[PDB]
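Asker: Sequence first, structure after, both from an experimental entry:
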Amino acid sequence: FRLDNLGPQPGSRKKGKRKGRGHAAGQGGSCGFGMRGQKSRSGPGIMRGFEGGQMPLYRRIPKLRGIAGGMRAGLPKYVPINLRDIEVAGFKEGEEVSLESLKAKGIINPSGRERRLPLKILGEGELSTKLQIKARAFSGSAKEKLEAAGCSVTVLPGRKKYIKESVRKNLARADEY
Amino acid sequence: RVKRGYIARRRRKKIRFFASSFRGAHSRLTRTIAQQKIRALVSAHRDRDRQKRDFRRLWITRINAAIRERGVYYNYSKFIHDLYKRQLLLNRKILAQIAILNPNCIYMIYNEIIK
Amino acid sequence: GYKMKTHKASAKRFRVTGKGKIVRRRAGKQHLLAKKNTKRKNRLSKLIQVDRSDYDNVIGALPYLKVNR
RNA sequence: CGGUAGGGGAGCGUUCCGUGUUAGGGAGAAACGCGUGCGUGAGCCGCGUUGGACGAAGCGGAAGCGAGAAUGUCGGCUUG
RNA sequence: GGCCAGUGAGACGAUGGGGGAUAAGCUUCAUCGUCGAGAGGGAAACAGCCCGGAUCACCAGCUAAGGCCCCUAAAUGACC
RNA sequence: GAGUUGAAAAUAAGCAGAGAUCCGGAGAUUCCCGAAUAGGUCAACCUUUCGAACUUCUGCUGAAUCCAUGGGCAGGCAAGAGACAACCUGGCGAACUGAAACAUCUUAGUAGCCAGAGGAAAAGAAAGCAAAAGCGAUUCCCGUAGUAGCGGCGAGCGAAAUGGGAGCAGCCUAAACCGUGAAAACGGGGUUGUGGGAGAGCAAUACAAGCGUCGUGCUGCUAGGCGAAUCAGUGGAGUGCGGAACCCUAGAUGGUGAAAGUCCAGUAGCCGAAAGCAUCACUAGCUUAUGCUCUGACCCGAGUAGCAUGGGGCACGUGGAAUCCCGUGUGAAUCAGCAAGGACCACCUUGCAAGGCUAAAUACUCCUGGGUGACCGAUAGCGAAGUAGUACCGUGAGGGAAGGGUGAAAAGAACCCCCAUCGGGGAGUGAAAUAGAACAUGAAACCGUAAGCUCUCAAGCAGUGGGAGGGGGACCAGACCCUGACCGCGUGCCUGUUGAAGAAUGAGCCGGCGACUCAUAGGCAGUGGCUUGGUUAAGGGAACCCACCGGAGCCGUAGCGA
């Protein structure tokens, strides 16, 4: 390939249409904006969502519930991982399953929250190959799948909350068998 | 990135050269040179369709005036009566041309339309 | 540079549902409820799709929420 | 296979840039003016007892990119 | 359905009506035709009436509406 | 190292191969006005006892008043005043606008005005974030993120924490205690945080580092120096073209009659500073200084924090309203404490306010020195390519133009004629005089002159179709161009209306300038690159772009519910 003979494929770069350059070009005269109104005048024009003096679409509808109250919205607290992410993976019979394994394998790519939401293994899909999972807690159906596969299942306690000594005393008093 | 040009003067000089013999400011003055180019071309349109129509009219009245020289009441309509009954497919009113370029031959035309 | 701002007065009213369609809460519920019917008060208690006109109006007025069509 | 508001497809031109210290050019380039030529047309090509040093095409890109209108505007020159 | 426009001042003519004074090229509706956005021919001229839907050329022919004394193409045609 | 007394020629005299002109470092003068400063002033002047006036510092004398204060006198190379485009800080601080009105809000703590100050300024060394895991001053960039929120929950406004980079630097002071003095001070000590310091007692000596007129050191800058390699023919001129050779550590650039590696100035490279400035490295020298045990007493910044109110600002508009700073008024505790962790209480965690100072990353151009430009080419680019903020206008604030290009070299026309000049024609220069000083290419409107055809019984958006008659060159002589007897037909163009030849709008004409553009995002379409999912931002880079890093983040992988 020389510097001469290079050319783009057709359809790759259309020409930008220029407006007000002749009526044979297509958008001459009023440049494709009719005759008058706010659509033809120059400026910000119309707010998108404005109904022309009518009370708008969004104001006539009541607010969504926790967003109406200002309550903090529903937020994912784990990484949802099915067993379909585990069978299609190249994990063989002897292999650990943890955070850095699923990151370094190419299943999860967590960036915005590396610190808060650990992991969770869910139920849909099967898992025939046995493994040794030391990750965070499970669903009941995924516990039925993993204990149905005969694999080493280990839940990992992540963090310990601070309990006040009178609350820890009142809870330790409740050990009445 | 200034873009002063010359293409309006060739664009305009072609239209300037077409507008010769327009008698005054229709042949010199640009802002009328344009609309005389325009009106001259549509004049060419309607005078072309009506030169078809107009030469049709001219040959009709010319062969009518040729046939009416017999004196006896033989019109132009009767020449077409006995011009299509005696099977002469479509002489196309060019007998109005050889009616003056060959008047004895159009006398042979009409004198064989009679028989 | 200048990021587009999410319109908050419609972000509190509209919502995406996984497949990618705008849903909304029906109107006429927090006012004069004895006057209505229980049939009306559970007809007006559910969240429905918004119709295509105002499904294509506010789709450009609320840019960062991943709605197809 | 008429077409206004309007929508889509395909192209011409301009100045600069890559090829480019390109081909060509004081044995006359650009300009300006010319055509019994070619195109659907925007335009191309050719000719000049004018002018005197630059600058094509092709394949590509980027625009202060195309004028007849704005009681537009700036110079020149009319009318009365 | 996706992207993406305009338009939201209409006008006359026939029918169905209301307002009027069954007055207006008046006003408002309902179905339709034209103009808008439609050239050509007939209408003397003349958006909306009739024929009619213009890709282009021909110094081609046949027709619709309408006409055949002259201006101006075609019958000073025939018979009541 | 060879000619000079600016542009800028001429004339008169000089100055100069015991080194001129010029360049560079350091000095000298600098009338008058202007901070303007001896006093006045109507700026560039007047009067003068010739004076840095005033404020500050120092010294003497020292009023009402004893000490004081004020004043006066004097000294002083004498510190400040004034100016500065933009950035920065502090204070006053809008309104048009957006909300399709408008008052809450926004525009906006922006513009403007004043003050100050530096090449940067502000901030800055945790009474901090965070959450039971951890970080370690401030600033800036990418990101989280247009998220959490705030808001007539309208218009809009919009963080922060985790993470990744640039740059890193920490130090002085008060109090408790000793000593001198009537306090007020001074000199030692101590300045820290899963606490220190003071008091009492025991040990113990030198490793390392910080600061710096002074001068030897280094490179760099402000003058410069050497510096490679060709002729000949061509229509004015050769650098272009054609023929013969060479340089390259040099083919960047500008000029030379014309375009240059070999003509010049230069460049690559090698060199070079008496003098000043700057860069880090020496130096006489000043400094920082150590560990343990006991001791809840003594201390750890008071009209301060907090509280009742009135508020401001943190994205947070008074809301549950925390943190931060102020107005009035009340008004604490010292470490067994106090403050913060978004009202508040209890526990834990974190830090030690009411005392100050600090470079870097960072923002900008009245500029300066280099290098560039899909930047302009005299209506452009700075308003300004000449007198440019000029002429001119305004009392003033202020507004504000226009005019470039003869040649290569003036070689700028000796002389003759017209003639009072201006001008013109010969001649002469030049390649060009139709390049003549109004001077380079010179288009259109506009004004003309010459040649061909044609108009004075004619109604016409000036055309067009047919074409009488006539004229011109011609070679495919039937063709082409010009004129137009007469006939048919034809309601200027745009805007904008239901409808415009319209007696609706617009334009005297000609030529230029003159309008969906740019930044960043969302969405969709078309073409790609990978699908072992994709892709980097900031930032680093042979000056920029760039190879290659840089996985922070983003998007898709799981949804439902408040």
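Answerer: Yep, that arrived. Residues are numbered from 1 along each chain as shown, chains lettered A, B, ... in the order given.
Asker: Residue numbers of chain A in contact with RNA strand E?
Answerer: Residues of chain A lying near RNA strand E by C-beta under 7 Å from any atom of the strand: A:32, A:33, A:34, A:35, A:36, A:37, A:39. Every residue, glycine included, has its C-beta placed from N, CA and C.
Asker: Could you do chain B as well?
Answerer: Counting by C-beta under 7 Å from any atom of the strand, the residues of chain B near RNA strand E are B:45-46, B:48-52, B:55-57, B:59-61, B:64-65, B:73, B:75-77, B:80, B:90, B:92-93.
Asker: Run through the helices of the chain in chain order.
Answerer: Reading this off chain A. With DSSP state H as the criterion, chain A has helices at A:65-69, A:84-87, A:99-105, A:140-148, A:165-173.
Asker: was after chain C, sorry
Answerer: C:8-11, C:38-43, C:53-56.
Asker: Identify the bridge partners of the most centrally placed residue in chain C.
Answerer: The residue lying closest to the centre of chain C (C-alpha atoms, centre = their mean) is residue C:24, at 2.8 Å. Here residue C:24 sits in beta bridges with residue C:14, residue C:48, going by DSSP bridges.
Asker: That one touches residue C:15, doesn't it?
Answerer: Yes. Contact between residue C:24 and residue C:15 holds when scored by C-beta atoms under 8 Å: they sit 7.5 Å apart.
Asker: Between these two, which contacts overlap?
Answerer: residue C:47 (C-beta atoms under 8 Å, 6 or more residues apart in numbering or on different chains).
Asker: now the helices of chain C in JSON lines, with distance to RNA strand D and mean neighbour count?
Answerer: Shown next, in JSON lines, are the helices of chain C (distance: least, C-beta to the nearest atom of the strand, whole Å; neighbours: other C-beta atoms under 10 Å in any protein chain shown):
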{"stretch": "helix C:8-11", "distance to RNA strand D": "28", "mean neighbour count": "16"}
{"stretch": "helix C:38-43", "distance to RNA strand D": "41", "mean neighbour count": "11"}
{"stretch": "helix C:53-56", "distance to RNA strand D": "17", "mean neighbour count": "14"}
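Asker: can you list those helices in TSV and add distance to residue A:59?
Answerer: Formatted as TSV, these follow (distance: least, C-beta to C-beta, whole Å):
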stretch	distance to residue A:59
helix C:8-11	7
helix C:38-43	22
helix C:53-56	12
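Asker: Can you check which of these gets nearest to chain A?
Answerer: Nearest to chain A among the helices of chain C is helix C:8-11; the distance by C-beta to the nearest C-beta comes to 3.8 Å.
Asker: who's in contact with that closest one?
Answerer: Here helix C:8-11 has contacts from A:49, A:57, A:58, A:59, A:67, C:58, C:61, C:62, C:65, using C-beta under 8 Å, 6+ apart.
Asker: Around residue A:154, count how many other residues there are.
Answerer: 10 (other C-beta atoms under 10 Å in any protein chain shown).
Asker: Can you give me every residue that contacts it?
Answerer: A:132, A:133, A:134, A:135.
Asker: Look up the closest residue to the last one, ignoring the ones flanking it.
Answerer: The spatially closest residue to residue A:135, leaving aside those adjacent along the chain, is residue A:119, at 4.6 Å (C-beta to C-beta, 6 or more residues apart in numbering or on different chains).
Asker: tell me the centre residue of chain B?
Answerer: residue B:51 (2.8 Å).
Asker: got the CA positions of stretch A:109-117 in CSV?
Answerer: Output in CSV follows, covering the C-alpha atoms of stretch A:109-117 (Å, rounded to 0.1, in the frame of the first residue of the first chain):
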residue,chain,number,x,y,z
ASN,A,109,-14.5,-7.6,35.9
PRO,A,110,-15.4,-5.5,38.9
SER,A,111,-14.1,-2.0,38.9
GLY,A,112,-16.5,0.5,40.6
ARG,A,113,-16.7,-1.6,43.8
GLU,A,114,-13.7,-3.7,44.6
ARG,A,115,-14.2,-3.0,48.3
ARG,A,116,-17.8,-3.5,49.2
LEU,A,117,-19.6,-6.3,47.4
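Asker: can you tell me which residues contact the residue in chain A that RNA strand E sits nearest to?
Answerer: Here chain A gets closest to RNA strand E at one residue, residue A:34, 2.6 Å apart by C-beta to the nearest atom of the strand. Counting by C-beta under 8 Å, 6+ apart, residue A:34 touches residue A:40.
Asker: Quick check on it: phi, psi?
Answerer: phi 80, psi -140 (degrees, to the nearest 10).
Asker: Next one: it from residue A:41, what distance?
Answerer: Distance, residue A:34 to residue A:41, by C-beta to C-beta, to the nearest Å: 11 Å.
Asker: Kindly report the residues of chain C close to RNA strand F.
Answerer: Close to RNA strand F, as judged by C-beta under 7 Å from any atom of the strand, chain C has residues C:1-9, C:11-12, C:17-18, C:47, C:60, C:63-64, C:66, C:68.
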